[PDB]
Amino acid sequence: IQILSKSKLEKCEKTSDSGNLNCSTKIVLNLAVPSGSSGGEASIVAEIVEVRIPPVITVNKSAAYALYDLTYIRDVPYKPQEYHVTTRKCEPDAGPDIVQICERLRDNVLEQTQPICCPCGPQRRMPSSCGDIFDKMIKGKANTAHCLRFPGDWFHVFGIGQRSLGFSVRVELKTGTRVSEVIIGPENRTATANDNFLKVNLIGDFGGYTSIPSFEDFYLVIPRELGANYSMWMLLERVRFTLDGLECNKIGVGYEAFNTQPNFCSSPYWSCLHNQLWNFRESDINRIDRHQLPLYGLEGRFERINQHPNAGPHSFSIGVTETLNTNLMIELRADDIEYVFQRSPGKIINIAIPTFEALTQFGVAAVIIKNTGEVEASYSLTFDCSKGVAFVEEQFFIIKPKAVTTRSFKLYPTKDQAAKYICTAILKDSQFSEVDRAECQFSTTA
């Protein structure tokens, strides 16, 4: 937490146009509140002059998350299946004795559920044998039955709309020996406490240097209320789905699309049943087995999934990993202000960077730091690397004197050839002066 400005201003309240206005001199403060503040790192003490204990203010800010406004579209099956039935005489208006596993649903009769009969032999959809003339003359002409059924798991298809940034700002005030809590957020961004002495107003946020995804042209697939919890949750492009169920080889095929097919008995098996949810889940599994980031699945690429307050099953939100400075304005009924901050030295314990692939993989530099002081203090950490590795953002954090904090950085090299780099981790305190420096051996595999 850093004070942007301290200023004295005479605020005058007006109630009637004809009547007289009453004034009151207040002390307006502009604050930059970063995400992760607790209050135990810095305090703002107010000095009041009357014409006995001074009021102390401590500001706490929670981690940020991005909530996405979901709109329900239509239910979709996980694995649509095509069944082959090698029998004798075939007809779409047949019984289970000659169609076996195919059949037809009567939930009443459905003309699109009935199977399609194709001739026997090779070059056809299903390769079979026509048999002999004498077996054909009694049992009937050999035919293959093809049907579309939807067994197994089902998924919800949601449309990602606007993205909403959410958090909570706790303002603690000590008039004497008694505490008063003020909760400020995007939902409730204006508050007053203890007989109009305090005025907390949330103006906005100071622009970050890392983007938050919008997921504009994507749909979210949620399993109906094997693999991990959010690994089944996928973000797939809108063009990949067939909401009308009239398009082939797209997520959400219908019976009408499959039955109305160009050259059904000539086209290969499993046609009109390609690029489904199982194909996209399997492509992630193959990528995860090779120890790489998934392309569609949520788990692995996003941090803190659905860990937001007032959560639900049909709700989607991702954690904002970047530290954001939130512009807060505290307007006090005092004469002046004193800013009391806490400082405590710290040391870098050990940096753990594992060996990773040339460009298919990225680096993770786990840096654990201990507070060697006696009081809870603010900290800064810069992770500088060689010409090959791209710049990494500075990390802000508050460590208790009896605790440790693990801080990881994503390392991105620009070279293809297996090269050796050197990284220097610089730790700073509430005072922007360096407390400890550390080096680490870094190398990639071709």
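Numbering starts at 1 and runs along the sequence shown.
Gap between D107 and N108: 1 to 3 deposited residues without coordinates. Unmodelled stretch separating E225 from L226: 4 to 9 residues (count of deposited-sequence residues without coordinates).
The stretch 350 to 358 shows the higher mean C-alpha B-factor when 275 to 283 is compared against 350 to 358 in the entry. Averaged over their C-alpha atoms, the temperature factors of 77 to 85 and 127 to 135 are higher for 127 to 135. In the deposited coordinates, the residue among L328, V340, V375, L235 with the greatest CA B-factor is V375. Taking only the listed residues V239, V169, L295, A365, the entry reports the highest CA temperature factor at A365. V56: CA B factor in the middle third of modelled residues in this chain (values from the PDB entry).
In the deposited entry, the Cα temperature factor of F397 places it in the middle third of its chain's modelled residues. Split the chain's modelled residues into thirds by C-alpha temperature factor. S386 is in the highest one. Per-chain ranking of the deposited C-alpha B factor places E41 in the middle third. The entry lists a Cα temperature factor for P213 that places it in the lowest third of the chain's modelled residues.
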